[PDB]
RNA sequence: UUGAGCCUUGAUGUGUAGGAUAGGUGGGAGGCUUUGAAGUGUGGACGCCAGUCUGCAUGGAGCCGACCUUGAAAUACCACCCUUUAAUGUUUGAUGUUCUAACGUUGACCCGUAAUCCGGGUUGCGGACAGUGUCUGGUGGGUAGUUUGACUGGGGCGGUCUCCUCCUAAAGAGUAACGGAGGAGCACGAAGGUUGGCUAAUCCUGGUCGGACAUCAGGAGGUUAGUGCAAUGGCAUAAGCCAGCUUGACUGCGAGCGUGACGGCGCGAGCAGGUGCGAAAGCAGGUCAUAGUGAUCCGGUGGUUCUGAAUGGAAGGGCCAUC
RNA sequence: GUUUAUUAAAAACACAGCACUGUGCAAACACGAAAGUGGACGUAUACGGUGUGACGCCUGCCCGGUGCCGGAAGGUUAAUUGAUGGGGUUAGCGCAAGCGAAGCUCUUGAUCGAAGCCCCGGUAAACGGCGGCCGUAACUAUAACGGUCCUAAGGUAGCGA
RNA sequence: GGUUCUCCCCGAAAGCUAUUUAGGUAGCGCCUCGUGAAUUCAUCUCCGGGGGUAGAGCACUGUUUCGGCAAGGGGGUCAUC
RNA sequence: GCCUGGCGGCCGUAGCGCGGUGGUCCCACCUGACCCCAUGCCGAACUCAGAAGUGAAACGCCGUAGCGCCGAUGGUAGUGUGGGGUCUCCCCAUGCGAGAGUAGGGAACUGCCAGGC
RNA sequence: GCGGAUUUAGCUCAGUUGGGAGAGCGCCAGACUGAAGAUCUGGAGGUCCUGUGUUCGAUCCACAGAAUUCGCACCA
RNA sequence: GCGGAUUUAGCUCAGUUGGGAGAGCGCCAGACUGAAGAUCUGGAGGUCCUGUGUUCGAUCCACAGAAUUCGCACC
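Residue numbers (the authors' numbering), protein chains in the order written: chain BU, 1 to 54; chain BZ, 1 to 40, 42 to 116, 118 to 173, 175 to 208, 210 to 217.
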């Protein structure tokens, strides 16, 4: 965002409803380590690849 | 993507002319050709994709069949390109000429599971050129599954640089593009590698076309 | 001489087996057949031997091929694909190499002319050079400019508005000093949750692999405990803890109001849906919190049912992501 | 000497030689918008840089840094010049969704590419420059003799306020 | 920098927040002049308890010292410090 | 009046010691148990069963001045509300009282509902 | 991170027929020396940068990744 | 006062992830020299300031103290 060891934004589209978000993860530690079940259409918690695909 | 349907329709309109469809004697065929670039042995880019055409043409696909007695009188009405009984495979042991023949001048080989001889004898002369059988259902009401394989093509590359199959006949290029794009959806779903294309053509009884993409 | 396209002309291949000189990549099962159109038999002559030339057979005999045999891999018949590169044609750029009616004549001869300006030609000279118009470059204090906070037991240094705590300083609230102690320029692949579970030691005594020590069974039963950087304070129905099951930190509004000055920053009756959390009673906006940015103006960017000086599309605007 | 009349009255320094430097020459300078008038009625021993500090000797010495510039063996990466890839505007092809060819173009940092300078090299008038702690002379302690430290480096070509 | 004739009652102008602040600035008044209004607002009598200005202790940590010994630690001496 | 069980009013007279008695009632131990539940090891800790046995305890009281703790009447800090004084803010004319100190104080109190002499 | 390149011994680096994986400088050691340097010659020498997939057999062919690296993007 | 450096082998000071304590050099042996040094291979040489903490492990950092030392605060 300006530096290197810094807290960075990863662009986060949903699994079903298109809608995208962002905030905070980190290049300090290993990166292969998340996905999630939440829903920005709120209708059914099912699938979310995150910004990341695990 | 590979291509889309207007791209193919617009090229089929030309492949079916007197310049490109250089006629011998009868109503001939049209073909889809697709050639790749980085293709090696790894696995990611191998196919088989048995694609039963959306709009079947003037000339149907050459299906052999092998039934059992109860469903056999249905299948007898159902226009198989040839028949041999689940029984009479016993009699075909060591008949090299027929074996090589059938592998030469049919294209599909649908068998009731009781036919377990057909697995053994026929391989050796079918496999190096690459066409195939499948386990037929056991039922009487069987026509539309014969018609299935009497309309279908295979996306053959297990290790070679290019894939090319019959797709229509001389009469109508528009319904025939809708045949070609169904082949292309089945490919892009299997080998997710897209820019490894070299070229995409269509072709006849002989001369090929340099499709607009 | 050297660069870009382009086949008009060429050409970089011998091993067994297959009566036989096998680039790969594909289709299927046939292909040629008018006698002056095809092979097929057999001679003869050139030689960088891997080319071919030139004589004569015969020719609706059936011959090349899945069809019978061989192999590391088929062959008859149409498709497919031209390049690493040469000779030339046909398309064409550049640098050297120079000649030279540009040009300049601030060089002569001739010449209007008892002529310093000055007109013009034979000639002589160098030579596309000159001329400057901006673009890239530092090079110097060779115009002009400014004196850019404040804190001053008057100045130069050493300190702070920052946004923070304790001291100091007169309790609502505050009021420094080149004054006392010390300071955010950050923080989760979890320091993540809602049910559940409680009890940690020193030192005394024991016992495979010691020689202070690390799970223990016991003391006495002390409420003599631990705080992964900085610090104050939490406080034990533990948050430290830590194993199972797994990451809700709902979309939207809010009676009530705390109130303040345009930003704002706080939380909630109750109502919608359904949204997940548990049997149930029922419970709730996630790292212990404190330290963590934009007056805001110009920017940019990405999706639209919000629009756009007669329209239609559409600049540029509106909604808000995204900074 | 009379030269800064205006603090000093020179206790200022204007000499003048020269290695080097700018011109093989429509020369260096351009003041005036068009001058070619200083230099020229003239050549690099004419005129100008920056100085010089009588005369005469003497300029030892030493290239780290930093200048003066010159160059090309070679990289940093440009006006110059445009591999390509993604777009726009759009024929053809689509009952629709929408694909999509020239041409015209947008937008590439394709690729060459040194002004600086890494560097390569010459500079003694360019910019300044002489390190310390550990041990010492038939006495003081002179401070000649000494090991080293990646320090760029210890008072020197003199005469002693 | 200066109020160019009179008169009369409300009326400290002169500050809490700061300010790339320097007798310079954004709103402000404890202000009047005109609207709107309630037991509005304040000292007392009281109701109810957090403050911690005082003040007082040795409880805690921090400790005076005199007594008495708390395997603490010294002196003297045998000895191999 | 005396004894128990459950639940409150109770923020410390609402804290320990030494003992000495108590019950097949109350608890509970204790001794079984794949379980429900699973000790990320053990029923030790909740539990499920309740046989068999006594109070080791758990849990309660009765005696109790060892150790916390209680405390009058009065005197006093020091000071609003004042008048006068006056080396380091006193002394009166009043609002009233923590502590020093002495008489002197001890193991609290109270209720709701069921069941037992 | 856009695309090429590389990583093989300590360091520079061969590795292109996919079949033995190694040379150079240096290190060790012997010979030699009067003792070193030298010269000669033996010996030593590995995360084949990662891990798979494909192959009878993988440094090798392919894919994804990290680092070293070259040029490179840029008006949130 | 604050903030830095430093107390690491005879000499000169390098070094620290925070787990080993270094070499230019001086000594010692080894032999070549009667010997010694050069040069040589082997081997060695330590208050890593003290205290407390963080930590697996503190020579190192953080913190309290001690001490040498420097720039500035003074006018």
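Even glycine gets a Cβ: it sits at the ideal position worked out from N, Cα and C.
Judged by DSSP secondary structure, residue 184(BZ) falls within the alpha helix (DSSP H) whose first and last residues are 176 to 193.
With distances taken between CA atoms, residue 57(BZ) lies nearest to 151(BZ) out of 204(BZ), 212(BZ), 203(BZ), 151(BZ).
The C-beta distance from residue 33(BZ) to residue 76(BZ) rounds to 34 Å, too long to meet the 8 Å contact threshold. Under the 8 Å Cβ criterion, the segment 95 to 104 of chain BZ does not count as touching the segment 149 to 169 of chain BZ, having fewer than three qualifying pairs. In this model, residue 156(BZ) and residue 22(BU) are separated by some 45 Å (Cα to Cα). In terms of Cβ geometry, residue 108(BZ) and residue 133(BZ) form a close pair [threshold 8 Å]. Beta bridge pairing from DSSP links residue 34(BZ) with 165(BZ), 203(BZ).
Here residue 18(BZ) is not near residue 59(BZ), since their CB atoms are 8 Å or more apart. Scanning the segment 119 to 164 of chain BZ for uninterrupted beta strand (DSSP E) segments of 3 residues or longer gives 134 to 137, listed from N- to C-terminal end. Looking at the DSSP output, residue 55(BZ) sits in no beta bridge, so it has no partner there.
For residue 64(BZ), the enclosing beta strand (DSSP E) begins and ends at 64 to 67.
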